[PDB]
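Next up: a single chain in structure tokens, the form deposited without its partner chain.
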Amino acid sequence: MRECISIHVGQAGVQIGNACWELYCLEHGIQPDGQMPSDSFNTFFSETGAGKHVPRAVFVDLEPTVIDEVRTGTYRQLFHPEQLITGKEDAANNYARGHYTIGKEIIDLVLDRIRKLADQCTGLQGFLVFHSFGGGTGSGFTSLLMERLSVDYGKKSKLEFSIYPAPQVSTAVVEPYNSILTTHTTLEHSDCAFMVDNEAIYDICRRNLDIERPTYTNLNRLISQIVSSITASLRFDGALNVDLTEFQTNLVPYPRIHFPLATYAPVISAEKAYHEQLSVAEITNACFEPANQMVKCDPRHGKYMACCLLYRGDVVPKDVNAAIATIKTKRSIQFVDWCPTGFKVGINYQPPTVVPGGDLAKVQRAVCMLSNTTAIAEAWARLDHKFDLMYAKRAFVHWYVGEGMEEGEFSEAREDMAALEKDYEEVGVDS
């Protein structure tokens, strides 16, 4: 049937993949050793040997410490040894190192592994790519790999779950350079890219989950929950099923605008679940609140293009229709005039599952919300302003130049980014 291939690159991609695959083994009742203790999960797990299920995942990094941590973890006997590919020296937050110097040393091996994994598939539907913009290995290698995949396959859909840089929180100094370069070279090779902010998830954890020490594990668990909600329609059956192609058909109005934002609901703690009844209307309402979006940008500053709603568990279509209508009548949010119908819905019977020792309460229904809106133009402008600030004096440029990048690439990326902002402003004007 329909199958999906997942790729995790860099430290962020690898760790989010660890969380995702733990959740996946939990939901389908698969032990960490690959043996089921008691079948629509063949989309993600392939049957090899006698009752052993091997996930369809590829883990790539140019630095061996995180993959070595994976190889010695609880899921050591889960992944095929050849899917975990490692280098020797990381990109060191340098896009040129991960694109031109170090990436080209193992790109062929990564492509060979992906091809070998895909040839077995009969109904392959797309690729899932997890990475981060600010990273060197992340951005550089994902750009190179996406370009190679688009050259090779083209027709197959390709989806990203990237970590957008936060407006204030940062862990690197050369973040704008890599971010701009990778979005310039990725813009024409992608179909849909869901982005999250570490700062927004920190705020979600503090305000809703009442967690004062939100380590990376909690953020990765939330992102894994979003990905699981996205892929539930493939992994189960529902009153309204949505596959991967419909996402890009309904959320992407123009080829250069494929940057939706992903939220989730309900994000509540265990103690507060008793005092709240989790109805479809209230979670649908909460999905549109600016305080719940997991990108640090205000939706009220722009207008929505398209919206996608995915319901899990105890959900009845009439109430979903009523909630959507109520949202539409509300004037607090705004929609573009050239999009009279801006909603795509999906309903699935399987309720969300709770990882033991986690932080989310047990609920009978949940919502995943994806929105393509013009509010991200402000974030793009902020990134471009940082780029201009750091480029007027040629700061850090020699590091990139010494690895094989010509100085003209920075200018080309800046002009392409300006063009994208102009597109975002031209599409934001009613007729």
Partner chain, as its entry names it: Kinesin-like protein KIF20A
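Positions refer to the first chain, counted from 1. Think of the rigid core as the biggest set of C-alphas that the two forms share within 1.5 Å after superposition. Shifts are known only where both forms have a C-alpha.
Although not depicted, the form solved in complex with its partner chain is the subject of the following passage.
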Within 4.5 Å, heavy atoms only: does residue 187 come near its partner chain in the deposited bound form? yes
Using heavy atoms and a 4.5 Å limit, would one call residue 356 a contact residue for its partner chain in the deposited bound form? no
In the deposited bound form, does residue 101 come within 4.5 Å of its partner chain, counting heavy atoms only? yes
How about residue 221: is it within 4.5 Å of its partner chain in the deposited bound form, going by heavy atoms? no
Sequence-ordered list of residues in 244 to 270 near its partner chain in the deposited bound form, where near means a heavy atom within 4.5 Å: 254, 255, 256, 258
Flagged residue of 224, 208, 198, 83 - C-alpha shift reaching 2 Å or more between the shown form and the other one, core superposed: 83
Once the core is superposed between the shown form and the other one, does residue 93 show a C-alpha displacement of at least 2 Å? no
Rigid core fitted, is the C-alpha displacement of residue 186 between the shown form and the other one 2 Å or more? yes
Closer or farther in the deposited bound form: C-alpha pair residue 156, residue 185 (3 angstroms or more): closer
In the deposited bound form, whether the C-alpha atoms of residue 85 and residue 115 sit closer or farther than here (change of 3 Å or more): farther
Residue runs between the shown form and the other one with every C-alpha shifted 2 Å or more, at least 3 long, rigid core fitted, in sequence order please. 83 to 87, 184 to 186
